[PDB]
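Q: Quick one: the structure is below, and I'll ask about it shortly.
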Amino acid sequence: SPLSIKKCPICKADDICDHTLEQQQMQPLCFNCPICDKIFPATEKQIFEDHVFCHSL
Ligand SMILES: [Zn+2]
């Protein structure tokens, strides 16, 4: 165990905001894109993130 409070930053660009520790301690089971109506399994979170990103880029 690392002991003491020590959270690793996911992104530097996002650091400039309220990431909320509660969000880090939560692993979704499924995802649903409200922009394309596509579902992404918890394991596809990475693919989902890229998918949702494409809609923001
Ligand atoms: Zn989509």
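Ordering of the structure tokens sets the chain letters (A, B, ...), residue numbers begin anew at 1 in every chain, and ligands are numbered from 1 in the order given.
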Which residues sit within 9 Å of ligand 1, counting only C-alpha atoms and all ligand atoms, listed as a list in words?
A: residues 32, 33, 34, 35, 36, 37, 38, 39, 48, 51, 52, 53, 54 and 55 of chain A
Q: Store the residues of this selection in a file with N, CA and C atoms, as a short mmCIF file (atom, residue, chain, number, x, y, z; two decimals), in the first residue's frame.
A:
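The new file result-v6.cif reads:
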data_model
loop_
_atom_site.label_atom_id
_atom_site.label_comp_id
_atom_site.auth_asym_id
_atom_site.auth_seq_id
_atom_site.Cartn_x
_atom_site.Cartn_y
_atom_site.Cartn_z
N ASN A 32 -23.32 4.76 -22.78
CA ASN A 32 -24.28 5.03 -23.84
C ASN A 32 -24.08 6.42 -24.42
N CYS A 33 -23.65 6.48 -25.68
CA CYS A 33 -23.42 7.76 -26.34
C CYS A 33 -24.74 8.41 -26.76
N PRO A 34 -25.11 9.54 -26.15
CA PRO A 34 -26.35 10.25 -26.48
C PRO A 34 -26.24 11.03 -27.78
N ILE A 35 -25.06 10.99 -28.40
CA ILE A 35 -24.83 11.69 -29.65
C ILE A 35 -24.96 10.74 -30.84
N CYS A 36 -24.64 9.47 -30.62
CA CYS A 36 -24.71 8.47 -31.68
C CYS A 36 -25.61 7.29 -31.29
N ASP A 37 -26.04 7.25 -30.03
CA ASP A 37 -26.90 6.17 -29.55
C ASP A 37 -26.17 4.83 -29.61
N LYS A 38 -24.90 4.84 -29.23
CA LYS A 38 -24.10 3.62 -29.23
C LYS A 38 -23.69 3.23 -27.82
N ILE A 39 -23.72 1.93 -27.53
CA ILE A 39 -23.36 1.43 -26.21
C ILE A 39 -21.92 0.92 -26.20
N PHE A 48 -14.76 3.99 -25.79
CA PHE A 48 -15.86 4.90 -25.55
C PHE A 48 -15.35 6.33 -25.42
N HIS A 51 -14.47 7.54 -28.64
CA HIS A 51 -15.70 7.72 -29.41
C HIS A 51 -16.39 9.03 -29.06
N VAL A 52 -16.53 9.29 -27.76
CA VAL A 52 -17.16 10.53 -27.31
C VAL A 52 -16.30 11.73 -27.65
N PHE A 53 -14.98 11.52 -27.63
CA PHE A 53 -14.03 12.58 -27.95
C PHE A 53 -14.21 13.03 -29.39
N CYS A 54 -14.38 12.07 -30.30
CA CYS A 54 -14.56 12.38 -31.72
C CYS A 54 -15.72 13.35 -31.91
N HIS A 55 -16.71 13.27 -31.03
CA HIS A 55 -17.88 14.13 -31.10
C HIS A 55 -17.57 15.52 -30.53
#
Q: Tell me, which residues of chain A carry DSSP strand (DSSP E or B), written as a VMD selection string?
A: chain A and resid 30 to 33 38 to 41
Q: Could you please write out, as a PyMOL selection string, every residue of chain A that DSSP assigns to helix (DSSP H, G or I)?
A: chain A and resi 21-24+42-56
Q: Write the residues you've just listed into a file as a short mmCIF file (atom, residue, chain, number, x, y, z; two decimals), in the first residue's frame, and include C-alpha atoms for each of them.
A:
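Okay, part.cif is ready:
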data_model
loop_
_atom_site.label_atom_id
_atom_site.label_comp_id
_atom_site.auth_asym_id
_atom_site.auth_seq_id
_atom_site.Cartn_x
_atom_site.Cartn_y
_atom_site.Cartn_z
CA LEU A 21 -12.02 12.32 -6.18
CA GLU A 22 -15.40 10.57 -6.06
CA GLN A 23 -15.21 10.22 -9.84
CA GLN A 24 -11.86 8.42 -9.58
CA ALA A 42 -17.02 -1.14 -19.29
CA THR A 43 -14.00 -2.75 -20.95
CA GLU A 44 -14.56 -0.50 -23.96
CA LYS A 45 -14.30 2.59 -21.75
CA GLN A 46 -11.14 3.44 -23.66
CA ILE A 47 -12.90 3.03 -27.00
CA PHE A 48 -15.86 4.90 -25.55
CA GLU A 49 -13.69 7.81 -24.43
CA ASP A 50 -12.21 8.05 -27.92
CA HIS A 51 -15.70 7.72 -29.41
CA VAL A 52 -17.16 10.53 -27.31
CA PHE A 53 -14.03 12.58 -27.95
CA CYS A 54 -14.56 12.38 -31.72
CA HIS A 55 -17.88 14.13 -31.10
CA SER A 56 -16.09 16.90 -29.18
#
Q: I'd like the interatomic distance between atom CA of residue A:8 and atom CA of residue A:20, to a tenth of an Å.
A: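 Rounded to one decimal, the two atoms are 12.6 Å apart.
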